[PDB]
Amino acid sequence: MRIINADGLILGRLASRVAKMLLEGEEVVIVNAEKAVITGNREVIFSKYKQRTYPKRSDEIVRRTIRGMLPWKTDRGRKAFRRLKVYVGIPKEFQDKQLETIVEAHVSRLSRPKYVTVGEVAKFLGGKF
């Protein structure tokens, strides 16, 4: 399996790359889901997700975003989605494992980064975490 640390990764980019991994047969675990980021204006992002509510918890938001990038309705999409596990923080079983990142998804690769974390969106919506 491949364990990805979502800390500082742009949600959309993270989701697109992970969807491809799942379709290619890889088992993917995402940790620190609440630390992934969404670029844009804070009020606009909050409003957008407020209208969608749809999961309100960080891990669920990340899971749903990835589901939308897969051929969900098909048999190939369902099988791929089954190989995904998402968690907030880093559960005990993954604390001493190698955590990978996705360089292309780093928000730090942006010149003028404006963003909020998934956790901040979850808190705003009333999610547990």
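Note that residue numbering begins at 1 and tracks the sequence as displayed.
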>> Going by the PDB record, how many residues of the deposited sequence fall between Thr53 and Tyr54 without any coordinates: none, 1 to 3, 4 to 9, or 10 or more?
In response: 10 or more
> On average, are the C-alpha B-factors higher in 54-62 or in 67-75?
Replying inline: 67-75
> Taking the recorded C-alpha temperature factors, which stretch has the higher mean, 112-120 or 7-15?
Replying inline: 112-120
>> I'd like to know which of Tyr49, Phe81, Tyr87, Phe94 has the highest C-alpha temperature factor in the PDB entry.
In response: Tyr49
>> Among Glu100, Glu34, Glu104, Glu27, where is the Cα B factor highest in this entry?
In response: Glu104
